[PDB]
Colleague: 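First the structure, which I've put down as structure tokens, then a few questions once you've had a look.
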2 protein chains.
Amino acid sequence: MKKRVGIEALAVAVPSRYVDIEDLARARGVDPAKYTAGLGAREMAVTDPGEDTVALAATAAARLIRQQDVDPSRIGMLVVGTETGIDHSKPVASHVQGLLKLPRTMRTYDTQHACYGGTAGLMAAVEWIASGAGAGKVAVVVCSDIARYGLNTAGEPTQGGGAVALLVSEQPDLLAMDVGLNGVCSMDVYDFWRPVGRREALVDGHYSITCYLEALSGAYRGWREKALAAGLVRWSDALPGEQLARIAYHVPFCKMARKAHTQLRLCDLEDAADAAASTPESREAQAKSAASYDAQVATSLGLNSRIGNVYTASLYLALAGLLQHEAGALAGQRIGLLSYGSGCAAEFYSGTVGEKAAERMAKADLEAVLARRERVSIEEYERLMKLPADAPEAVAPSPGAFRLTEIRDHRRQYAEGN
Amino acid sequence: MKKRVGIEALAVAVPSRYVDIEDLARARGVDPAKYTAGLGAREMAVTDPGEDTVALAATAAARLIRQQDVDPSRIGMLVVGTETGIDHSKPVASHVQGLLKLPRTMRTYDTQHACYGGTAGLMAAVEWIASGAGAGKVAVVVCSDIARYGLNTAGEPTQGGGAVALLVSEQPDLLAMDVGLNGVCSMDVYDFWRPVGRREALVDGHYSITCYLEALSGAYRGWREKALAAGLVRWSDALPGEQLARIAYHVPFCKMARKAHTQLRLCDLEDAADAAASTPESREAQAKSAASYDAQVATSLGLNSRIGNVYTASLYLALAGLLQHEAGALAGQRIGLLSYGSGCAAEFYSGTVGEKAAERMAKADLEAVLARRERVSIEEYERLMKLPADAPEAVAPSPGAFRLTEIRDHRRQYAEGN
Ligand SMILES: CC(C)(COP(=O)([O-])OP(=O)([O-])OC[C@H]1O[C@@H](n2cnc3c(N)ncnc32)[C@H](O)[C@@H]1OP(=O)([O-])[O-])[C@@H](O)C(=O)NCCC(=O)NCCSC(=O)C[C@@](C)(O)CC(=O)[O-]
Ligand SMILES: CC(C)(COP(=O)([O-])OP(=O)([O-])OC[C@H]1O[C@@H](n2cnc3c(N)ncnc32)[C@H](O)[C@@H]1OP(=O)([O-])[O-])[C@@H](O)C(=O)NCCC(=O)NCCSC(=O)C[C@@](C)(O)CC(=O)[O-]
């Protein structure tokens with residue numbers, strides 16, 4: 001009896017509005033090609049205060065339950081990974097539980113480590129199940145965030161917001177994860193952070209890229225050693241990482257995925273028993289292979305390019321885009337995933353796409369999620385950005401979605417769309 | 001080959017200063033017996049800004065590693081449960097990793113759900129190990145918090161601060177946990193919370209007591225059903241809960257443990273097949289049994305009464321006090337633990353105290369930890385309370401301990417005591 005654990009399905013929620021990234025460039029006196037070619041952006045989600053971390057998380061989690069016909073009483077863990085917390089004590093997960101009218105027999109809590117928080121919660125849910133404690137039950141892990149750098153900042157064109165809700169179970173139709181094979185690399189850095197009382201992040205941008213790549217290298221190498229010992233990959237005519245059908249990466253901006261994939265391949269090329277016969281120039285040229293990027297990574301960025309950085313959710317939006325179109329082809333094949341969070345930590349893990357992944361992705365109806373949005377001007381984006389966090393716009397949520405309506409006596413109030 | 005997982009050892013850190021609780025009563029025009037008898041308090045830890053969540057967590061975690069001779073390279077997870085976070089993105093766990101100069105092959109993140117956050121992280125570490133993923137490695141889970149209600153508030157006499165660091169492993173000398181038997185009960189409430197930008201908690205105090213007891217009842221009942229089915233307890237001449245050698249509870253104030261134990265016993269008395277032959281009066285009198293409280297709970301409060309509410313750490317300070325004196329007697333016996341967090345969630349779990357628990361507790365040297373503190377006046381407590389979070393006092397940390405020294409260019413700086 002082969003037991004499996006992992007991601008059974010997912011759902012996505014996005015803010016109601018977005019801007020065209022070339023409009024942002026023009027408003028900032030920037031060449032639009034810096035954003036479209038340099039960063040790989042197309043459209044940037046923008047929010048108003050009604051689209052807070054709770055509202056986006058609850059919209060995604062409710063959509064998951066409805067689209068996948070989840071029995072809410074089978075949920076034994078509800079975890080929200082976020083870096084956009086709204087209370088020091090009361091977790092987003094508790095608000096989500098209430099808004100969705102979920103029953104009582106579940107753990108609820110939030111996880112925090114920049115863009116790694118969702119992955120940390122995913123592993124906690126997976127290992128709860130794989131330990132036996134969660135046998136017979138499911139978990140819901142929601143990655144929800146709003147990425148804000150501020151007007152006229154270098155990070156501004158990488159903003160975004162939204163949520164991805166993951167169903168975790170013993171029927172992991174999207175991704176049957178290889179338990180215990182993860183690689184991890186973490187160290188205390190100040191590449192990106194956001195002190196309490198600052199609405200916008202602080203970042204040393206180029207250093208943050210170096211930190212991502214450094215942590216990726218350590219995490220990937222740790223996974224590779226375990227995968228070699230488990231017989232899942234080999235040092236052969238193909239590099240170890242080439243034996244993964246696809247690799248999905250944390251996407252702070254779309255061009256980061258190419259940088260990440262080049263670095264992963266360089267790890268193989270530098271570590272091969274015969275590396276001494278190569279040069280930095282020859283290794284770099286091979287690592288940057290357009291064929292490899294096209295085969296393993298390129299199709300994972302379609303949703304990300306239209307939304308922006310959704311912090312904890314960015315890797316899972318890449319997984320979503322990949323499986324949206326390729327789940328049937330990928331059934332039975334092993335793929336890799338690299339999660340990074342500033343501060344920092346990276347974790348690399350693998351899993352096998354399930355036979356029913358295409359079914360679960362069809363039910364997620366992702367083009368309909370993206371089609372509901374409306375474009376706004378940069379002027380309006382700026383006006384909404386300037387609103388205080390307690391001042392949601394007077395607009396109704398979409399059917400089954402949620403919005404913050406007001407804060408009254410320090411208690412946050414929400415509405416569910418009819 | 002009987003596999004075991006759970007808590008191998010613990011260490012405690014407390015702030016350098018405390019006040020006498022009767023001095024606080026006099027300063028507030030309150031009868032001191034309200035605090036000493038009504039709440040069960042003796043001494044209240046007070047902080048200055050140098051004793052932040054990071055400094056307390058790092059002090060406790062470094063002390064654990066030194067006292068227990070942990071190989072730092074065997075740590076594969078470092079999790080901080082807290083409701084006193086200091087960054088929206090960068091976790092306390094990442095700062096602890098850096099301050100302790102720990103290596104890179106570990107997950108780092110923080111968990112959040114009021115006073116339940118530490119337990120959530122403990123279960124994530126336990127289940128990482130029990131799934132097989134953490135086989136051969138250990139985890140460190142630190143519960144670190146500073147409880148602040150504010151001058152002249154009803155919650156003020158229940159303040160406190162400190163940290164408890166837990167070593168989690170396949171050699172769980174303190175508590176070999178019963179994996180998969182936990183009971184849990186959670187629901188979305190506003191009993192206690194602390195919005196971003198508020199230094200002091202908001203609380204509906206009497207309602208928070210009702211919420212604790214309600215969630216406890218559900219969590220305990222869920223554990224009891226599983227423990228009955230596993231044959232660990234029986235409905236016999238003894239109530240199910242009486243078959244636990246001891247029960248430790250989240251301690252917001254010491255008298256809360258008696259309220260909690262009475263409620264747990266009432267759950268047994270109300271649920272017994274023959275409950276119809278009793279009355280509320282007879283059940284209450286039996287539930288309130290002094291003999292049962294004295295046998296199962298009373299000795300768990302010695303540290304808590306001298307520190308105050310340490311939020312996520314309060315239950316673990318109760319476990320510490322119990323094992324400090326009774327670990328040898330408890331070896332081979334099963335005990336219960338009830339974790340509660342406002343917002344809210346409760347989880348009830350059990351485990352068996354290990355043969356070497358007394359050894360591990362002796363190495364924690366807890367009376368020395370408490371002896372290092374100094375008493376201050378209420379006037380000085382108030383002066384320190386009024387200091388901004390970025391204004392630590394100019395005092396050195398104790399040997400091997402840590403303090404925040406300053407914030408410079410939005411980066412927190414720390415010192416390690418010589
Ligand atoms: C990403 C930066 C640093 C870029 O901001 P920047 O410094 O203004 O941009 P640049 O000068 O680095 O240019 C970017 C690319 O555009 C090119 N370019 C320029 N002009 C043109 C043009 N006319 N036509 C065509 N191309 C053009 C340019 O040559 C370059 O190409 P590349 O170096 O990639 O090969 C900034 O947006 C930033 O700081 N963003 C936020 C930080 C971030 O996303 N870091 C990523 C790594 S850390 C991470 O992923 C974690 C994170 C951020 O998500 C946080 C968390 O975990 O919580
Ligand atoms: C605990 C309260 C509500 C009490 O604050 P209060 O309302 O001022 O006190 P009280 O009137 O309820 O009195 C307390 C006890 O003192 C007695 N008393 C009175 N005077 C005398 C006297 N002269 N001589 C002898 N006894 C006296 C009095 O009769 C009573 O006895 P009891 O009802 O327990 O039997 C307040 O301190 C508060 O709000 N604290 C913070 C909230 C809290 O600790 N709640 C506990 C449950 S929730 C929890 O544990 C989660 C939490 C708080 O830790 C947060 C998280 O998870 O993050």
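Residue numbers begin at 1 in each chain, while the letters A, B, ... track the order of the sequences. Order of listing sets the numbers, starting from 1, for every ligand and every atom in it.
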Colleague: Looking only at heavy atoms, which two atoms of B/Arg412 and A/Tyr190 are closest? And how far apart?
Modeller: N-OH, 3.0 Å

Colleague: Compare every heavy atom of B/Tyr316 with every heavy atom of B/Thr119, then report the nearest pair and how far apart it is.
Modeller: OG1-OH, 2.7 Å

Colleague: If you take the centroid of each ring, where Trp contributes its six-membered ring, are A/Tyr220 and A/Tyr349 closer together than 6.0 Å?
Modeller: no

Colleague: For a ring pair (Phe, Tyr, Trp, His ring centres under 6.0 Å) with A/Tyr311, tell me which candidate from A/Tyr340, A/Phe192, A/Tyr116 qualifies.
Modeller: A/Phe192

Colleague: Under the rule for side-chain contact (heavy atoms from CB on, under 4.5 Å), what residues qualify as partners of A/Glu156, not counting sequence neighbours?
Modeller: A/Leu24, A/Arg28, A/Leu151, A/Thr153, A/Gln159, A/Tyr381

Colleague: Would you say B/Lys90's side chain and A/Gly343's backbone share a donor-acceptor pair under 3.5 angstrom?
Modeller: yes

Colleague: Kindly print each ligand 1 N/O atom paired with any protein N/O atom under 3.5 angstrom away, one pair per line, or none if nothing qualifies.
Modeller:
residue	atom	partner	partner atom	Å
ligand 1	7 (O)	A/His206	NE2	3.2
ligand 1	8 (O)	A/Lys34	NZ	2.8
ligand 1	9 (O)	A/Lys34	NZ	3.4
ligand 1	12 (O)	A/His206	NE2	2.9
ligand 1	23 (N)	A/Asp31	OD2	3.2
ligand 1	34 (O)	A/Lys255	NZ	3.4
ligand 1	34 (O)	A/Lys259	NZ	2.8
ligand 1	37 (O)	A/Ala154	O	2.8
ligand 1	45 (N)	A/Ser208	OG	2.9
ligand 1	50 (O)	A/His250	NE2	3.3
ligand 1	54 (O)	A/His250	NE2	3.0
ligand 1	54 (O)	A/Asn309	ND2	3.0
ligand 1	57 (O)	A/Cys115	N	3.0
ligand 1	57 (O)	A/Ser342	N	2.9
ligand 1	58 (O)	A/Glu83	OE2	2.5
ligand 1	58 (O)	A/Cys115	N	3.3

